[PDB]
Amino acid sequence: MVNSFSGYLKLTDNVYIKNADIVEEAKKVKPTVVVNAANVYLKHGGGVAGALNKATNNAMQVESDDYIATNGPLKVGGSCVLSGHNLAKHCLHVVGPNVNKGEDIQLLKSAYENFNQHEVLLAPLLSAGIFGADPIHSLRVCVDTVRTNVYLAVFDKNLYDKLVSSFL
């Protein structure tokens, strides 16, 4: 189906990439699904999670605290679907491994498999940024795992340029 995502470069048949702030993209597009770079406790302190939560005026955190009180922590490589608040219909909170916690990078493929439960997503690169993994490797795993239509937002221009110029 035609959609309103604009300005993306096509990497493969189903993976698209743009130098953009995921918060601003979400506000403009109002996608069905925005992906959060979550941790197992849904503590949205920094990185993408801190930015998305701030954009919701902390409503994402309040909802998340209730989710954890009822259900307990997620698994590394796991996910849950919560409200998208003012950003999207839904937020898919996905836990990539955090290398700075010693977590196993093979779980990155499991993390990306959650995307296949949604026909279209706006997402960051999983395990990138403060999660400590190599973003070039994360993009490779994304391409090789996700089969649904994923629109990747990369805020850092220098990183965006490197991801494009090194893509196989």
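In this text, residue numbers run from 1 along the sequence as written.
Taking the mean C-alpha B-factor of each stretch as recorded, 141 to 149 and 6 to 14 are not equal, and the higher mean is that of 6 to 14.
As recorded in the PDB entry, 98 to 106 is the stretch of 98 to 106 and 116 to 124 with the greater mean C-alpha temperature factor. The entry lists a Cα temperature factor for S79 that places it in the lowest third of the chain's modelled residues. Among the modelled residues of its chain, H85 has a C-alpha B-factor that falls in the middle third, as given in the PDB entry. Annotation for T32: C-alpha temperature factor in the highest third relative to the rest of the modelled chain, per the entry.
Compared with the other modelled residues of the chain, the Cα B-factor recorded for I136 ranks in the highest third.
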